[PDB]
């Protein structure tokens, strides 16, 4: 409701306690935020699950072969343990924020360039060996502290084919199989292994993901759940399509986690307002009604969803701002209409507002829409 006041989130009813029998409530964080008093208070008050926005990605953990940097990841793990939070590991394998040394052959040349079939096969086995050592080292360190693992991220293309990353060009589908088998072998039966992706609701990617995981499980590849990034909009994807997607994977015996939820104010490609102040009130009411519907649906499906994680804490910090392109007409006025004329765009200079907490750490209408029982 819009009657409900814009109070400090540190005085508001706890979000994780509202949902504690339905699913955990998580947030993606940076270590610097554990030094910010407000962010610490926000995490202590409202969240019971945590994930690293960046410092557990492949390039952050092993930027050079043999050089492991766990310092930053350790800080997130320590904070979680001290506050009784679940931890998700994001992420063991990804085609982005991944060090290039992985994909160089013995002479330092890119493996993708290799044409000889015998050398190509040698490169596959070398890559798969490096992959296993990366996973082994990380999981040997964290298997007792981190329950949920994004083993692979974004391995299915939006075209419904496997994404043709260097991982896939060099090693084929086996890099996916090796990643899960290695995590299971070094982590044991008690860690939960996930395949994570965006637009899991969208054909042809959805059923390609479905076929992939169904085939892998049939071959004995250990995979326990699907991570739905859920980088969504006020109107897309539809709740019915979210519901159908989540039932589809639950029918395979898979857990579902909402791993990166944000509800952007904009379309795609976004035409953003240049500042938070410029976003009209009505956008916040539209977002709150979207959030109201969305969490009612998560509650409906709470037996198939173990965790809902936001990709951030409060509106003062969201990766969505890097997509918030501001369009200007010939008179220098801002253009937010997705079809209107415009002369220039300022990429990533605008402001999105995706969470239930505003940038001054006060509750948004979206918060009241999901803290109630209506």
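Positions refer to the first chain, counted from 1.
Chemist: Of the two stretches 226-234 and 187-195, which shows the higher Cα B-factor on average in the entry?
Modeler: Comparing 226-234 with 187-195, the higher mean C-alpha B-factor belongs to 187-195.
Chemist: Regarding 63-71 and 48-56, which shows the higher C-alpha temperature factor on average in the entry?
Modeler: Per the PDB record, 63-71.
Chemist: Name the residue from 207, 256, 259, 302 with the greatest C-alpha temperature factor listed in the entry.
Modeler: Most elevated C-alpha B-factor of the set, per the entry: 207.
Chemist: Just grab whichever of 35, 306, 318, 309 has the top CA B-factor as deposited.
Modeler: Each of 35, 306, 318, 309 was compared by C-alpha B-factor; the highest is 35.
Chemist: For residue 334, does the deposited CA B-factor place it in the lowest, middle or highest third of the chain?
Modeler: Within its chain, residue 334 is a highest-third residue by C-alpha B-factor, going by the deposited values.
Chemist: Please rank the C-alpha B-factors of the chain's modelled residues and tell me whether residue 264 sits in the lowest, middle or highest third.
Modeler: It belongs to the lowest third of the chain when residues are ordered by C-alpha B-factor.
Chemist: Is the Cα B-factor recorded for residue 346 in the lowest, middle or highest third of its chain?
Modeler: Ranked within chain, residue 346 CA B lands in the highest tercile.
Chemist: Going by the entry, which third of its chain does the Cα temperature factor of residue 9 land in?
Modeler: Middle third by C-alpha B-factor.
Chemist: Sorting the chain's CA B-factors, does residue 249 end up in the lowest, middle or highest third?
Modeler: Answer is highest: the recorded C-alpha B-factor places it there.
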